[PDB]
């Protein structure tokens, strides 16, 4: 919804996200999946530089992604690490929503 929230939901300090821990918190409330971007925030913010009105943009560069995917056991996950481009909703120069991996 805003940069601060996007940060809280999608930027990670570690590639090895503890899915079973984080996913069970109120922010995620055992949802099926969540994509975390392993990067300093600036390279992420830069994706949206100069974009004012809401617009989906696919990153030009590739980023380290860590996805928490639910298994057959509710609220129990598998961490999958990958490298890919991603689509974000940019608004007033910052990412406000995560769209998807690989394409808009």
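Numbering follows the first chain given and starts at 1.
Look at the C-alpha B-factors of 44-52 and of 23-31. On average they run higher in 23-31.
As recorded in the PDB entry, 13-21 is the stretch of 77-85 and 13-21 with the greater mean C-alpha temperature factor. Out of 66, 69, 59, 72, it is 72 whose C-alpha atom has the highest B-factor in the PDB entry.
For residue 4, the recorded CA temperature factor ranks within the highest third of the chain's modelled residues.
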